[PDB]
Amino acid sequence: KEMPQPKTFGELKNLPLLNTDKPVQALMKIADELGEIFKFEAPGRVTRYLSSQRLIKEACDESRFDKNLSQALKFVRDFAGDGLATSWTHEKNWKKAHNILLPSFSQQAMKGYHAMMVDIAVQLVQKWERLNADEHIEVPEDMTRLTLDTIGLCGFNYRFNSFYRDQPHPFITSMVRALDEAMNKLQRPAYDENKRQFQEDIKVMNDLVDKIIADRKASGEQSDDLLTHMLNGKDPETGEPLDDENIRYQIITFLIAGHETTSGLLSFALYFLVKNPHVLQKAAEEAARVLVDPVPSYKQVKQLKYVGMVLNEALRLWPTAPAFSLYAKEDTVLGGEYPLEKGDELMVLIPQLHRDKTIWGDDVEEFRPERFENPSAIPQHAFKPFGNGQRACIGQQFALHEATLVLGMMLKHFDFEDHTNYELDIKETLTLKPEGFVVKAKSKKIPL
């Protein structure tokens, strides 16, 4: 009835608790102490962090709760606009882009993106084949090169050529710095350079994306990318297409929402695999049995069943988009004891949800991909790495196809060594990643 709350700081209430370098991990420790729900107050803001499947299964009732833009998403909106991830459900452009973009993100549409994904994945494999002895791999750095390039190619047929670079393409530098400024605004006349740099980074992103859209319309060429689908698609409901400004925001959104979540997933999966050599061996055995051709086919990726469980278990422990926000559509009572008023906000703390011992058992911290043999045995709403309902991740099939393809090829082509006995250190941006995770790869000498 009375809702737990962590320690306060006078007038600032709970807010200084998030003035820390690892706020998600800080919130998980608070959840460890306070339980399934706690109130978090700041000046002009109240939200409630949910950690149990019991309460989150109610929060996922779309007749009772809708997606809220967290403060993070509101700051990302300044450059993602009314793209899918930073628009309200009630904004006309959300349902429009949702209806238009859903068929180009289907499992069936991944057949058409597969060749481009293979293109970047082969570049990653070739980079590792070309390392000299006792050189090593910087895992999140290379995974981020892979996912950024893959989304650039599948999104708007543009090659960032990240594997030809130390310093990323200017668009990426601006995007990364823009996200950083957005995240720095949370824990926040000396900011004049930050704002000037922020407007400057927005213009870099807008200019490049608007140019490619204009170039594509001028040329009239048709590609197998999201940009072509968006130039030609019409919303069945309104009968309208997306305008060029929103198409730009969707492209920027794909790059923001997709690249770091997906690269963090690959990075966490490889980390858990090298820390669990029996699991790695099982995944590598599947990769060798299934990937019989020099280039994986779309059909073979779907056959990487255990690799898929590996990725789901990595998403269980470290969901790389670690929270989402909801608001009550009407007055309602949560869990039979917490009354909420219309508009009241909730935060779903996904990594805590995925450690609910009433759901997963006492070994919640162990990496066991076998937990995902049967999705029917998993209770409703216990596993939410891609969000919920009509506001769930539209790029889920994309991300899992990319991650399964790349992890499969990595496991086919290399043995991995945790040569530093790497100590897990999770860096927090808007996503989570194992900072400083490094491995050595010894090639199995299998040609491409």
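Just count from 1 along the sequence shown to find any residue number. So that the term is clear: the rigid core is the largest set of C-alpha atoms that superpose within 1.5 Å between two forms.
Trainee: Quick check: by Cα RMS after rigid core superposition, does 299 to 307 or 165 to 173 differ more from this form in 7 other deposited structures of this protein?
Mentor: If we average over structures and residues in 7 other deposited structures of this protein, the farther stretch is 165 to 173.
Trainee: Which of the two stretches, 315 to 323 versus 374 to 382, has its Cα atoms farther on average from this form in 7 other deposited structures of this protein when everything is superposed by the rigid core?
Mentor: Farther on average in 7 other deposited structures of this protein: 374 to 382.
Trainee: With respect to the deposited sequence, is there a break between residue 127 and residue 128 in this entry, and if so is it 1 to 3, 4 to 9, or 10 or more residues, or none at all?
Mentor: The entry leaves nothing out here.
Trainee: On average, are the C-alpha B-factors higher in 220 to 228 or in 349 to 357?
Mentor: Averaged over C-alpha atoms, the B-factors run higher in 220 to 228.
Trainee: Highest mean C-alpha temperature factor of the two stretches 231 to 239 and 195 to 203, which is it?
Mentor: Taking the mean B-factor of the alpha carbons in each, 195 to 203 is higher.
Trainee: Can you tell me which of 67, 401, 57, 45 has the highest Cα temperature factor in the record?
Mentor: That would be 45, according to the entry.
Trainee: Maximum C-alpha temperature factor per the entry, among 122, 190, 323, 148, belongs to which one?
Mentor: The record points to 190.
Trainee: Could you look up the Cα B-factor of residue 165 in the entry and say which third of the chain it sits in: lowest, middle or highest?
Mentor: According to the entry, residue 165 has a C-alpha B-factor in the chain's highest third.
Trainee: Compared with the other modelled residues in the chain, in which third is the CA B-factor of residue 417?
Mentor: Ranked within chain, residue 417 CA B lands in the highest tercile.
Trainee: Where does residue 440 sit by CA temperature factor within its chain: lowest, middle or highest third?
Mentor: It falls in the middle third of the chain.
Trainee: Thinking about Cα B factors across the chain, which third does residue 178 belong to?
Mentor: According to the entry, residue 178 has a C-alpha B-factor in the chain's highest third.
Trainee: Which third, lowest, middle or highest, does the C-alpha temperature factor of residue 62 belong to within its own chain?
Mentor: For residue 62, the deposited C-alpha B-factor lands in the lowest third.
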